[PDB]
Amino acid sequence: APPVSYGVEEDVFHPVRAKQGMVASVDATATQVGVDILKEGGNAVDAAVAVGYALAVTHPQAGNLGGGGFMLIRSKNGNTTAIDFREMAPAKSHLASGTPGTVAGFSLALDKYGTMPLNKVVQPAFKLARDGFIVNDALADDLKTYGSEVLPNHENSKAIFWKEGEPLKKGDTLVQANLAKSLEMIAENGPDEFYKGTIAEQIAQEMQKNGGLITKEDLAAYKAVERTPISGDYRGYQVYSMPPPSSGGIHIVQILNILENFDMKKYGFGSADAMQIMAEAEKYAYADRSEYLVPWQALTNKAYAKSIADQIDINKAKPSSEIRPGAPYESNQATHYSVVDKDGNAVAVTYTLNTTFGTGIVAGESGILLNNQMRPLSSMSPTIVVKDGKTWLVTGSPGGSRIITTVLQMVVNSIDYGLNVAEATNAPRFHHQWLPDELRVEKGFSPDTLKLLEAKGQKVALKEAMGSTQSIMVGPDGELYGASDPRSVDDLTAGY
């Protein structure tokens, strides 16, 4: 068993620490909402919902009431479950936004696994919409970059997110009064407000105004669905992740299974050998994923993984064309957060509108942004790892197909390389989807190593940073270690 490290004084990257509870998310305020919920006495699910609602207010890039996403929960005793709240397609300039799942997704989780009434968990987000919050670098930058095509051309969006002809900038106060009302209603009347009430008619009457497809009938007919987590075994660790309609859960396990046939620890992080194995292994799994967009579950098979492990050549890449002939668009945009309470319950959530700010259309006078989901597949893969019979790592990322490899490297860097949670996070990342046939890398790999890979038949391609991991590692004694991605300005891991 490869020895693990939680972090020591002498390391370059230090995990955020806490003894009782911890939250890692893309936004500083959201994280604090989360911690404060734990601090009131809520469980991990209580806090995760609060974080999810806060993010709906403070990260309209991707945090939402008008989208959907995935959630994995592991309880203290071992019960692991997955909640699919992916946007549903409707029974059918125009418009294309699937029936939003987030609210129905949180209620199920809160009604089944939470201890707090919805009204207590919405409250911090409601205050954030009502009273407003000060815009930071991440929000301002994303408003200038992404919101410019698609926000200001719609009057109600404009009114919320623009002021005096320009996107709000750093220092400005974003008050969201229409959202405050939506949040106050859901608090009051439960999730039915969204699916059968004022919000439902608001969504429907903004859908009916412009193009749009979802009826009040689509809304009344939406449910989140609890599903069996995909599970695998990697060197005595258990790895749980999201099933279909995650396109990634299955394939994080398939790659791990492939990788197990190698002594990864021997040759550490960043070595040509190790990067070749993972690249080739990924390439294969991505080649198999191609057929799904022969049961899908099947290729989590350990024996089948060995079969493709035996094919892998440490000294020669095999052309992607030679594996199989030769995937539809997917946004790098989404957001992940992780939560661990003092009792040891752990939650991983990853959720999204399709692209940043979705359609950029707010559903009438609700204050809620509508997703552009054109039940669709997604590589989102909230993932929980279990060591010596206990929750050990909770992680996840946005980044389209690259979520698979990003989550994978967190796991591999922690299990194989002995990296503390913060080192795993700040480590350079690499990536091979089979098409295009290229070993995608970030900065920070040795040119010596890069040329060795090149000699092996890998077409090394230096491209933009991948993902936004927001992870928590758990010690056997309840001690918590956390790390937010440097790749996202203004993120926070905090606890108490």
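Counting begins at 1, following the sequence as shown.
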| item | value |
| --- | --- |
| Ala327 preceded by how many uncoordinated deposited residues after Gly326 | 1 to 3 |
| Stretch with the greater mean C-alpha B-factor as recorded in the entry, comparing 212 to 220 against 340 to 348 | 212 to 220 |
| Of 252 to 260 and 300 to 308, the stretch whose C-alpha atoms average the higher B-factor in the entry | 300 to 308 |
| From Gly400, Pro90, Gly396, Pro376, residue of greatest CA B-factor | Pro90 |
| Identity of residue with top Cα B-factor, from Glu423, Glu365, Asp84, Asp416 | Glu365 |
| Cα B factor band for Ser246 (lowest, middle or highest third within the chain) | middle |
| Chain thirds of CA B-factor: placement of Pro382 | lowest |
| Cα B factor band for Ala1 (lowest, middle or highest third within the chain) | highest |
| Cα B factor band for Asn153 (lowest, middle or highest third within the chain) | highest |
| Where the record places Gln333 (Cα B-factor, split into thirds across the chain) | middle |
